[PDB]
Amino acid sequence: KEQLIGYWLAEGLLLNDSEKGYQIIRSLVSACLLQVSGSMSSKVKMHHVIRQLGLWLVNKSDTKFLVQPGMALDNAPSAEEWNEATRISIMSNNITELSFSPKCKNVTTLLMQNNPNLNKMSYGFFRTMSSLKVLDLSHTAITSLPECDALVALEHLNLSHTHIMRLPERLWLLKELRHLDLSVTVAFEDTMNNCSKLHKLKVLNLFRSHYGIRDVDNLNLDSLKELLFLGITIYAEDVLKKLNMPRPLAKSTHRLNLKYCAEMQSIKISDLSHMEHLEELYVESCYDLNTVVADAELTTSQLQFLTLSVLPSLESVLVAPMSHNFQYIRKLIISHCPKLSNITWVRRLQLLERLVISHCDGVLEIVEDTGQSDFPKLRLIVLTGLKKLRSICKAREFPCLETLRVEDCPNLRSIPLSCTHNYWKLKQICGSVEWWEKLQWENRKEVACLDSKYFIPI
Amino acid sequence: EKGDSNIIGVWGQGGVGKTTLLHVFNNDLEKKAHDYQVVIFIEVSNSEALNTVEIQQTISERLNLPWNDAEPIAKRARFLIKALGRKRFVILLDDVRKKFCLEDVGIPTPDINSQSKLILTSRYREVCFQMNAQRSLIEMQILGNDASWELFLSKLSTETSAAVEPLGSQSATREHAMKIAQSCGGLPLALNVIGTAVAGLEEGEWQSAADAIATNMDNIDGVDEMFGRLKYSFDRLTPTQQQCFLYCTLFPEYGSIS
Amino acid sequence: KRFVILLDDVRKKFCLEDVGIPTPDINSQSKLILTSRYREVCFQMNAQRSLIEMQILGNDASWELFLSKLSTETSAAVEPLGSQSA
Ligand SMILES: Nc1ncnc2c1ncn2[C@@H]1O[C@H](COP(=O)(O)OP(=O)(O)OP(=O)(O)O)[C@@H](O)[C@H]1O
């Protein structure tokens, strides 16, 4: 839903309100033109017949589209077809290189996401794209974006999952840009002090980026007062401390990332209490970390996504028992944290759905030794390579549990699954057969039914 | 019952339980014992031009009179005046919008010497005053908070109601729903339309819907008919009055203006 | 009377009393079943807590229906099992 409403906002179909996009999506849902579909309600899918009806309407309409997504295309369609259409979509293809320069004056929307072989494009590509508003090149193998000084109407750019090296100096000449997502960029090197040249950027995102605001010197986002959403990857304490100053920019940290952090032996949510928009919190390779403090101070932000990665020296995370800021947590992921020996506070996460854990070789159990089960909304738990994980947790009710996958956990002797629960939502269970046999069960019916109906061996 | 004045006027804002009040009162007259022989429900709101033929047809049908087509309107009015003058009638005029002579259409104006009572509803205090109802006037108050909340739930599906009704545990869904409901201000028409629009809401979109409704209701489905439903109160005014009226929207919400 | 009225493919809200159909209530034994393409129309008809989503057919039912729309000349080249052909 978020991608679609962003595209619509950039295209001008939304009057600067994401809620109207949500309402349009809901109206389409009510008319059965669309269907909600996904682990959450955040994702929608199109019925095949309705998709064909949309294509038929496009063919009968004046504004011709060039939509060829996921058709296993190894070569992009010739520029002759491009020259007349208004929206082009060649996403999720297998095209390698793009050579021609189309003469499309009328094109307003263009997508090139999920092409692994796309790495080279002709220079002067966007000279004719004078009417372009939405452009996407995410999940591709390109390294730099050619000269783009002619985008007099560009509003949305997103190069997520891209190996982009440096932003072009032509980008700062585009004053109509509003949305800029540069997340999961493991090859970014350009300085963001040049982002101050913009005036009307509403969204910026450097989440999980190889380069970001490492120190306060690069912190120059206060110039952009039009920003409302910022994604920051933090490398040093001083970035957080300077961000810990009262201004609307500080409160605009919806998603925050930590990578290769130095002088970050500790972190407190009280320091993050200035951030009332915080949802996503990601920590990676921040070895200098020792402990994490989750204070009882209920900040107006509602944390729901947290993930830890590669923290050998991190010992424990203190969580307030009676009430904690993680009561809104939806998913937890812990990876490569050998010194963690306190995760028991997970039992207080009533709203927890998805879990993925890998190679945290210090954890005893996810939950070690209201009148309701601790995880009634649980859907997924994944464990892998945990050498010291004796168990997951005590037996608890998981009415909505759907998938479980554990591999290479010799110490994992038992799982909280039991035949005392109701089972109509479970769909699959994955894992190794050897660990399946090594598990100890309180009832043999838990073995036969699961092993013959929902067990998928590796 | 106790009123010494036999013409009763009920007035309220647009869409605030009036016609519904008349319906419930009419259906409740069945249970109680009374000396009123005939109860007539007349909807004069069908026109601002006083569609007399329709009203005379309704009165004749409810009085077992033989309806005639070629009869002149004045003669039928006199005949109905004579006919209704021999019975104790309760006539529920619904949504009057302009003063109209009761005798001209055919309804005799009840007096203290007669036992008939005439209950009429209107959006305007002036209309109720013009019909000699000045000392039996009732202002239709909007619903209270508890009644508003109880009505709002009834317009939601069981899938959505399950995520809003529960007490004891506190979740942002209930607070957002209350914020949506309290924006309606207890107006039953507003409550109905808003609840119907958000009947199928999921847990995720309560935040965005609550945020938007508090500021602009224009994008909420069905609100166009709601505004067309009450628009007439605006169009009845002279352009000077209309321009003065929009001036009052300048001031802050939920405040008070000297 | 106790009436069962099957309104078919309603596309806009319409007052049941205006056309002449009394709205059934808990005090009455009548049931009114109505179908529509839109969730909004079903909600506007005070049916919010008796709503059924018409699910599409499954794979087996889809295949069984598809065969019934073929001539015996063509059905003979598709029905056989055991042996596999393109
Ligand atoms: N107590 C109530 N509970 C539930 N719904 C109510 C209540 N009172 C009124 N309504 C709703 O109010 C809506 C408008 O009908 P109502 O009789 O209140 O209009 P009104 O104020 O007389 O309007 P108008 O002046 O336009 O004729 C109806 O759809 C009805 O369901």
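Laboratory data are not the source of any read-out in this text; all were calculated from the coordinates shown. All Cβ positions, even for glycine, are placed from backbone atoms using ideal geometry, and neighbour counts span all protein chains on display.
Worth pointing out:
- Test set (1) surrounded by 17 or more Cβ atoms within 10 Å (Cβ to Cβ); (2) over 30 Å from A:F229 (Cα atoms); (3) within 14 Å of chain C (Cβ to nearest Cβ) - A:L66 fails condition number: (3)
- If the condition is being surrounded by fewer than 10 Cβ atoms within 10 Å (Cβ to Cβ) and of a type in the set (D, E, K, R), then the stretch C:42-86 contributes C:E53, C:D60, C:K69, C:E73.
- Hits in the stretch A:5-49 (condition: assigned to a helix (DSSP H, G or I) and loosely packed, with under 15 Cβ neighbours inside 10 Å): A:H48, A:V49
- Checklist (1) loosely packed, with under 12 Cβ neighbours inside 10 Å; (2) farther than 22 Å from B:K18 by Cβ applied to B:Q141, failing item: (2)
- Highlighted here are the strands (runs of 3 or more DSSP E) found entirely within the stretch B:1-118 that include at least 2 residues which are away from the ligand (no atom under 16 Å from the Cβ) and more than 14 Å from every other protein chain (Cβ to nearest Cβ): B:38-43, B:89-96.
- Qualifying residues in the stretch B:164-184 (those that are in a loop (DSSP other than H, G, I, E, B) and not β-branched (V, I, T)) - the one surrounded by the most Cβ atoms within 10 Å (Cβ to Cβ): B:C184
- Within the stretch B:210-224, one or more residues are crowded, with 17+ Cβ neighbours inside 10 Å, more than 27 Å from A:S323 (Cα to Cα), within 12 Å of chain A (Cβ to nearest Cβ) and among the charged types (D, E, K, R).
- Neighbours by Cβ (under 8 Å, 6+ apart or cross-chain): first from the stretch B:223-235, more than 13 Å from B:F245 (Cβ to Cβ); second within 11 Å of the ligand (Cβ to nearest atom) and of a type in the set (V, I, T): B:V223/B:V193; B:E225/B:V193; B:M226/B:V193
- Count of the stretch A:182-214 residues, restricted to those that are outside any loop (DSSP other than H, G, I, E, B) and closer than 14 Å to A:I232 by Cβ, is 5.
- Scanning the stretch A:88-136 for residues that are within 26 Å of the chain's Cα centre (by Cα) and of a type in the set (K, R) yields a total of 1.
- Residue in the stretch B:182-197 that is away from the ligand (no atom under 16 Å from the Cβ), within 14 Å of chain A (Cβ to nearest Cβ) and closer than 25 Å to C:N46 by Cα present: no
- Exclusive hit being closer than 26 Å to A:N83 by Cβ and either hydroxyl-bearing (S, T, Y) or assigned to a loop (DSSP other than H, G, I, E, B) (or both), set A:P146, A:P116: A:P146
- Across the stretch B:230-250, the qualifying residues are those that are surrounded by 13 or more Cβ atoms within 10 Å (Cβ to Cβ) and assigned to a helix (DSSP H, G or I), and the one among them that is farthest from the other protein chains (Cβ to nearest Cβ) is B:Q242.
- Matching residues in the stretch A:312-342 - criterion: being of a type in the set (D, E, K, R) and closer than 19 Å to A:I392 by Cβ: A:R330, A:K331
- Within the stretch B:185-229, tally of residues that are polar (S, T, N, Q) and assigned to a loop (DSSP other than H, G, I, E, B): 3
- Count - residues of the stretch B:140-173 that are at the interface with another protein chain (Cβ under 8 Å from one of its Cβ atoms), within 16 Å of the ligand (Cβ to nearest atom) and among the aliphatic types (A, V, I, L, M): 1
- Applying the criterion of being within 14 Å of chain B (Cβ to nearest Cβ), over 17 Å from the mean Cα position of the chain (by Cα) and not polar (S, T, N, Q) to the residues of the stretch A:292-338, the residue that is nearest to A:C360 (Cα to Cα) is A:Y328.
- If you go through the stretch A:375-390 and keep only what is surrounded by fewer than 20 Cβ atoms within 10 Å (Cβ to Cβ) and away from chain B (no Cβ under 14 Å), you end up with A:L380, A:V382, A:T384, A:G385, A:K387, A:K388, A:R390.
- Subset of the stretch A:287-316 [closer than 17 Å to A:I234 by Cβ, touching an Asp or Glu at 6+ places or on another chain (Cβ under 7 Å) and assigned to a loop (DSSP other than H, G, I, E, B)]: A:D288, A:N290, A:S301, A:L303, A:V310
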